Every structure is written in C-alpha cells, then in structure tokens.
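S.K.: Here it is, the structure, as structure tokens.
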Amino acid sequence: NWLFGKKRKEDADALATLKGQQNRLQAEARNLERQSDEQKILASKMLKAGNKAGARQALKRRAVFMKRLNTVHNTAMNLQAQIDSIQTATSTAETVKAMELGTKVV
Amino acid sequence: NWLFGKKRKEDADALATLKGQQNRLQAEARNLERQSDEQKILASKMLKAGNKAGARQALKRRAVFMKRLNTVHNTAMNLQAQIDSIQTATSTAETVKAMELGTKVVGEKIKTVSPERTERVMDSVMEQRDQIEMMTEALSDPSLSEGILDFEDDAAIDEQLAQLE
Amino acid sequence: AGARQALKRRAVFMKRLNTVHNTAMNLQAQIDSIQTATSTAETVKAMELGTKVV
C-alpha cells in the first residue's frame with residue numbers, strides 16, 4: 001500500500017543525490033577546462049614575449065589541470081553508469097513482474 | 001543533526017586560516033619583488049654613475065632578496081596544495097556517500113527481483129509455449145479432416161487433369 | 001581518436017537498442033501466447049459441444 005510510494009520516493013531521492021553530485025563534478029570539470037584554455041593562451045602569449053622556462057612551467061600547469069580534468073570526467077562517467085544501473089534495475093523488475101502476470105494468466 | 005553544521009564550520013575556519021596565512025605570504029613575496037626591482041634599477045643607476053664593487057654588493061642584495069622570494073613562493077604553493085587537499089577530500093567523501101546510496105537502492109531492487117526469479121519466469125514462459133503448441137497442433141492436424149480419401153486416385157486425378165487439358 | 005570514442009558510444013547505444021528490442025519481442029510473444037490460449041480454449045469448448053450433440 002503506502003510502502004510503494006515510499007520506495008518511489010527513495011529511488012527518486014537517490015537519483016537526485018547522484019545527479020546533484022554529477023552536477024558538482026561537471027562544474028569542476030568546466031572550471032578546469034576554463035583554466036586550461038586560459039593557460040594555453042597565456043603560454044602562447046608569453047612565448048610571443050620571449051620566455052621558455054616559464055613556458056615549461058606553463059605547460060606543467062596545463063598538464064596538471066588536464067590530469068585533474070580527466071579524473072573528474074571519469075568520476076562523472078562512473079556516476080552516470082550508476083544512475084543507468086538504477087534505471088535499468090527498475091525497468092527490469094517491472095518487466096519481470098509483467099511477464100509473471102502473463103504466465104499466471106496462461 | 002547539529003554536528004554537521006559544526007563540521008562545516010570547522011572546515012570553513014581551517015580554510016580561512018590557511019587562506020589568511022597564504023595572504024601574508026603573498027604580501028611578503030610582493031614586498032620582496034618590489035625591493036628586488038628597486039635594487040636592480042639602483043644597481044643600473046650607480047653603474048651609470050661608475051662603481052662596480054658597490055655593484056657586487058647590489059647584486060648580492062638582489063640575490064638574497066630573490067632567494068627569500070623563492071622560499072616564500074614555495075611556502076605559499078605548499079599552502080595552496082593543502083587547501084586543494086581539503087577541498088578534494090570533501091568532494092571525494094560526498095561522492096562516495098552518493099555512490100553508497102545508489103548501491104543501497106540497487107541492492108534492494110535486486111533483492112526484490114533476483115536472477116533466480118527471472119530464470120524461473122522464463123522457464124514457465126517456455127513450458128507454457130510448449131503446451132500451447134501441443135494444444136494448437138492437436139486441433140489443426142489435416143489427417144483428421146483434409147485427408148478423407150487416401151486412395152491411389154493420384155493416377156485418376158492425373159487422368160482428369162489430362163481430360164481438362 | 002574522438003571518432004573512436006564516437007563509434008564506441010554508437011556501439012554501446014546499438015547494443016542497448018538490440019537488448020530492448022529483444023525484450024519487446026519476448027513481451028509480444030507472451031501476448032500472442034495469451035491470445036492463442038484463449039482462442040484454443042474456446043475452440044475446444046465448441047468441439048466438445050458438437051461432440052455431445054452428435
């Protein structure tokens with residue numbers, strides 16, 4: 001009876017939490033990409049201005065930004081995979097219940 | 001309950017302390033850079049005015065200023081790394097809690113409809129398909145009705161076809 | 001390399017599409033089984049009535 005609504009609420013809350021966390025991770029990835037583009041343009045500008053050890057520092061900064069971007073991207077992908085697992089499990093349970101109903105009738 | 005707000009307050013206070021200390025270190029680095037630029041310009045000016053042992057003293061002064069600047073810069077970088085560690089740890093803990101919530105939900109769903117129940121349902125479907133095929137084949141057998149005369153008039157109907165042709 | 005990622009994405013989408021298509025086909029087969037069983041039961045009852053009369 002009332003337990004079905006509670007189960008639906010729990011699934012919706014879990015999906016909301018996972019999507020909110022994925023929103024934070026996408027925001028952080030966007031910030032990292034912004035910083036990486038800024039850093040690439042800055043490195044090109046100062047190489048225009050004639051410095052190369054500073055360009056080594058700039059490319060190191062871009063490399064660490066790219067590494068952090070890749071890590072947050074993979075974490076967001078894993079959260080997406082778990083959201084997909086929740087949806088697939090709900091659909092599979094409903095399909096199995098329908099098949100069981102048809103089997104009972106036949 | 002109330003402990004969560006206390007934890008948030010403690011993390012915010014720690015970040016405030018670290019950022020304030022980094023502000024002092026950046027201020028000191030700025031002062032050192034100011035002094036180093038002043039010293040370089042002064043050295044060039046007095047070399048214009050013709051003195052070189054004083055220029056050795058001036059370049060020594062600039063060298064020690066540069067060394068202090070490098071040290072404070074590295075200290076500020078380390079403080080930045082620790083601020084990053086605090087933020088990364090908070091984000092990682094929140095992500096792990098979200099993943100645990102999703103795992104709990106999927107575990108309850110898989111407990112409700114296991115794979116054993118799925119295989120039982122599909123076995124029932126295949127068995128009922130077999131039974132329905134048996135019943136449908138019983139009622140549609142041509143040997144009950146269609147084959148009334150099994151007699152060897154295949155030759156005779158061949159002759160009637162020849163008659164028509 | 002982005003095209004490798006894109007074709008991988010299309011491949012996983014195609015796999016999921018195939019799986020849902022097969023599940024829908026199985027549900028169609030079970031609907032057909034329900035209809036066939038109802039028709040067969042009605043036919044057997046009619047044949048039994050005729051057999052009683054004869």
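Residue numbers start at 1 in each chain; chains themselves are named A, B, ... in the order of the structure tokens; ligands are numbered from 1 in the order shown.
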Please identify every residue of chain C that has at least one atom no more than 12 Å from any atom of chain B, counting only C-alpha atoms, and report them as a PyMOL selection string.
M.R.: chain C and resi 23+26-27+29-48
S.K.: Go ahead and save the residues from that selection, with N, CA, C and O atoms, as a short mmCIF file (atom, residue, chain, number, x, y, z; two decimals), in the first residue's frame.
M.R.:
data_model
loop_
_atom_site.label_atom_id
_atom_site.label_comp_id
_atom_site.auth_asym_id
_atom_site.auth_seq_id
_atom_site.Cartn_x
_atom_site.Cartn_y
_atom_site.Cartn_z
N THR C 23 13.78 -7.69 -25.77
CA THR C 23 12.83 -7.76 -24.66
C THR C 23 11.41 -7.45 -25.12
O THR C 23 10.45 -8.12 -24.70
N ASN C 26 10.04 -10.46 -26.89
CA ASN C 26 9.60 -11.50 -25.96
C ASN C 26 8.25 -11.15 -25.34
O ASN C 26 7.39 -12.03 -25.17
N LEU C 27 8.05 -9.88 -24.98
CA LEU C 27 6.75 -9.48 -24.46
C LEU C 27 5.65 -9.67 -25.50
O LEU C 27 4.53 -10.08 -25.17
N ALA C 29 5.68 -11.97 -27.84
CA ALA C 29 5.45 -13.41 -27.90
C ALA C 29 4.55 -13.86 -26.76
O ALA C 29 3.69 -14.73 -26.96
N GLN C 30 4.69 -13.28 -25.57
CA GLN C 30 3.84 -13.70 -24.47
C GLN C 30 2.41 -13.19 -24.63
O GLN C 30 1.45 -13.88 -24.26
N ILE C 31 2.24 -11.99 -25.21
CA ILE C 31 0.89 -11.52 -25.53
C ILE C 31 0.24 -12.47 -26.54
O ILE C 31 -0.94 -12.83 -26.41
N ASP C 32 1.00 -12.87 -27.56
CA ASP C 32 0.50 -13.83 -28.53
C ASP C 32 0.12 -15.14 -27.86
O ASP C 32 -0.87 -15.77 -28.24
N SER C 33 0.90 -15.58 -26.88
CA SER C 33 0.56 -16.81 -26.17
C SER C 33 -0.75 -16.68 -25.42
O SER C 33 -1.56 -17.62 -25.42
N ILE C 34 -1.00 -15.53 -24.79
CA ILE C 34 -2.27 -15.34 -24.08
C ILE C 34 -3.44 -15.41 -25.06
O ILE C 34 -4.44 -16.10 -24.82
N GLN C 35 -3.31 -14.72 -26.20
CA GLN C 35 -4.40 -14.72 -27.17
C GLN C 35 -4.63 -16.12 -27.75
O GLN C 35 -5.78 -16.56 -27.89
N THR C 36 -3.54 -16.82 -28.08
CA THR C 36 -3.66 -18.16 -28.64
C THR C 36 -4.30 -19.12 -27.64
O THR C 36 -5.11 -19.96 -28.02
N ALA C 37 -3.95 -19.00 -26.36
CA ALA C 37 -4.55 -19.89 -25.36
C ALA C 37 -6.04 -19.63 -25.21
O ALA C 37 -6.82 -20.58 -25.09
N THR C 38 -6.46 -18.36 -25.25
CA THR C 38 -7.89 -18.07 -25.16
C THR C 38 -8.64 -18.65 -26.36
O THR C 38 -9.68 -19.30 -26.21
N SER C 39 -8.10 -18.44 -27.56
CA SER C 39 -8.75 -18.95 -28.76
C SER C 39 -8.82 -20.48 -28.74
O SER C 39 -9.84 -21.07 -29.11
N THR C 40 -7.73 -21.13 -28.32
CA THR C 40 -7.71 -22.59 -28.29
C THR C 40 -8.72 -23.14 -27.29
O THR C 40 -9.39 -24.14 -27.56
N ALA C 41 -8.84 -22.50 -26.12
CA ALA C 41 -9.83 -22.97 -25.15
C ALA C 41 -11.24 -22.83 -25.70
O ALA C 41 -12.07 -23.75 -25.54
N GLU C 42 -11.54 -21.71 -26.37
CA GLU C 42 -12.88 -21.55 -26.94
C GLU C 42 -13.15 -22.58 -28.03
O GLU C 42 -14.26 -23.13 -28.11
N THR C 43 -12.15 -22.85 -28.87
CA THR C 43 -12.33 -23.85 -29.92
C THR C 43 -12.58 -25.23 -29.33
O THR C 43 -13.43 -25.98 -29.83
N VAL C 44 -11.84 -25.59 -28.28
CA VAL C 44 -12.04 -26.90 -27.67
C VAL C 44 -13.43 -27.00 -27.05
O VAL C 44 -14.07 -28.06 -27.11
N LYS C 45 -13.93 -25.91 -26.47
CA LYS C 45 -15.28 -25.96 -25.90
C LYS C 45 -16.33 -26.13 -26.99
O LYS C 45 -17.30 -26.89 -26.82
N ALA C 46 -16.16 -25.44 -28.13
CA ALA C 46 -17.10 -25.63 -29.24
C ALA C 46 -17.07 -27.06 -29.75
O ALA C 46 -18.13 -27.66 -30.01
N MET C 47 -15.88 -27.63 -29.92
CA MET C 47 -15.78 -29.01 -30.39
C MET C 47 -16.43 -29.97 -29.41
O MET C 47 -17.08 -30.94 -29.82
N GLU C 48 -16.25 -29.74 -28.11
CA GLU C 48 -16.89 -30.59 -27.12
C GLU C 48 -18.41 -30.50 -27.19
O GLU C 48 -19.10 -31.51 -27.02
#
S.K.: Per residue of chain C within 12 Å of segment 73-92 of chain A, note the shortest atom pair and the distance in Å to one decimal, counting only C-alpha atoms, and order the rows by chain and increasing residue number, as JSON lines.
M.R.:
{"residue": "C:16", "atom": "CA", "partner": "A:88", "partner_atom": "CA", "distance": 10.5}
{"residue": "C:19", "atom": "CA", "partner": "A:88", "partner_atom": "CA", "distance": 11.5}
{"residue": "C:20", "atom": "CA", "partner": "A:92", "partner_atom": "CA", "distance": 10.3}
{"residue": "C:23", "atom": "CA", "partner": "A:92", "partner_atom": "CA", "distance": 9.7}
{"residue": "C:24", "atom": "CA", "partner": "A:92", "partner_atom": "CA", "distance": 11.8}
S.K.: When the cut-off is 7 Å and we count only C-alpha atoms, which residues of chain B are near chain A, given as number ranges by chain?
M.R.: B: 95, 98, 101-102, 105-106, 109, 113, 118, 121, 124-125
S.K.: What's the separation between atom CA of residue 45 of chain A and atom CA of residue 29 of chain A, in Å to one decimal place?
M.R.: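 A separation of 24.2 Å between them.
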S.K.: With a cut-off of 12 Å, could you pull out the residues of segment 55-79 of chain B touching segment 2-22 of chain B and give me the nearest pair of atoms for each, distance in Å to one decimal, using only C-alpha atoms, ordered by chain and ascending number, as JSON lines?
M.R.:
{"residue": "B:72", "atom": "CA", "partner": "B:22", "partner_atom": "CA", "distance": 9.5}
{"residue": "B:73", "atom": "CA", "partner": "B:22", "partner_atom": "CA", "distance": 9.6}
{"residue": "B:74", "atom": "CA", "partner": "B:22", "partner_atom": "CA", "distance": 10.8}
{"residue": "B:75", "atom": "CA", "partner": "B:22", "partner_atom": "CA", "distance": 8.4}
{"residue": "B:76", "atom": "CA", "partner": "B:22", "partner_atom": "CA", "distance": 5.5}
{"residue": "B:77", "atom": "CA", "partner": "B:22", "partner_atom": "CA", "distance": 8.6}
{"residue": "B:78", "atom": "CA", "partner": "B:22", "partner_atom": "CA", "distance": 9.4}
{"residue": "B:79", "atom": "CA", "partner": "B:22", "partner_atom": "CA", "distance": 6.6}
S.K.: How far is it from atom CA of residue 38 of chain A to atom CA of residue 65 of chain A, in Å with one decimal?
M.R.: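 Answer for the atom CA of residue 38 of chain A to atom CA of residue 65 of chain A separation: 11.0 Å.
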